[PDB]
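Report on the following structure.
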Amino acid sequence: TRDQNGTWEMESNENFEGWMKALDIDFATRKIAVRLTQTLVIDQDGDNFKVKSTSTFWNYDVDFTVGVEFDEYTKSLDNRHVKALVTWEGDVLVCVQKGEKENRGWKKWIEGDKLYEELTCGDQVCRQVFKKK
Ligand SMILES: *C/C=C(\C)c1ccc(-c2ccc(N(C)C)s2)cc1
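Taking the entry's author numbering, the leading residue of the sequence shown gets 1, the next gets one more, and so forth.
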């Protein structure tokens with residue numbers, strides 16, 4: 001299924017610190033952030049998405065249309081400019097963020113009642129699993 005609508009509550013988080021380190025996020029932010037449970041809110045209508053990543057420590061929102069490239073500032077994550085594009089590879093939603101960092105982006109897919117996510121940067125991969133609330 002390509003339907004990722006929902007409020008998604010984290011159940012598993014692996015190598016989140018490695019991904020943050022690959023983005024050069026400062027020590028203090030990384031050490032706090034690695035401890036925290038996350039929520040992902042996805043509002044999807046056709047090709048149009050609004051996505052929110054939240055914890056007690058951050059609230060990062062992005063809107064995009066599948067297949068439409070967009071320039072973005074990564075704001076309170078790492079304050080970089082990238083050229084972003086979200087597409088479907090089968091039923092995997094794939095974001096590539098072109099810019100200073102190689103292999104930068106994310107992937108999301110549904111396995112049952114769960115959303116699986118990869119966050120990638122450089123040679124680091126963070127793997128997460130969320131349950132639908
Ligand atoms: C589909 C997933 C998206 C668009 C996403 C996931 C995770 C984040 C963030 C993780 C840490 C953040 N800070 C601001 C510390 S954001 C953003 C976007």
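Where is the CB? At the ideal position from N, CA and C, for every residue including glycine.
Give a single yes or no on whether residue 76 has its beta carbon closer than 7 Å to a heavy atom of ligand 1.
-> yes
State buried or exposed for residue 53, treating a residue as buried only when at least 16 other CB atoms are found within 10 Å of its CB.
-> buried
Three or more C-beta pairs below 8 Å linking the segment 101 to 121 and the segment 23 to 41 | yes
Using the rule of at least 16 other Cβ atoms within 10 Å of the residue's Cβ for burial, across every protein chain shown, is residue 106 buried or exposed?
-> buried
Beta carbon of residue 108: closer than 7 Å to some heavy atom of ligand 1?
-> yes
If you check the beta carbons only, do residue 131 and residue 14 fall under 8 Å apart?
-> no
Tell me whether residue 28 is buried or exposed, calling it buried when 16 or more other Cβ atoms sit within 10 Å of its Cβ.
-> exposed
Could you please give the first and the last residue of the uninterrupted alpha helix (DSSP H) stretch that includes residue 29?
-> 27 to 33
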